[PDB]
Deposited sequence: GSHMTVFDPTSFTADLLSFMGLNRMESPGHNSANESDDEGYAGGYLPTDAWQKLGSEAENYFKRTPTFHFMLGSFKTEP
């Protein structure tokens, strides 16, 4: 006996978490902000001075 994963139930629950009839404009940002707490991603360093060739 294996606990089978239901991808259709999964997308239904994602859409609810994202805000339900259309998706709010911030739906993927909302999901991504939750997802970041499960990753160990580093921010990146960006600048303009010295980026010019040449």
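Quiz item: What gaps appear when the modelled C-alpha atoms are mapped onto the deposited sequence?
Solution: Those parts of the chain that were deposited but carry no coordinates are 1 to 2, 23 to 43, 78 to 79.
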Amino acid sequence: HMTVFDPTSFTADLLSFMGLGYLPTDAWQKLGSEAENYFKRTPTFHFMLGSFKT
From here on, numbers count along this sequence of modelled residues.
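Quiz prompt | Residue range whose averaged C-alpha B-factor is higher in the record, 41 to 49 or 7 to 15 | solution = On average, C-alpha B-factors are higher across 7 to 15.
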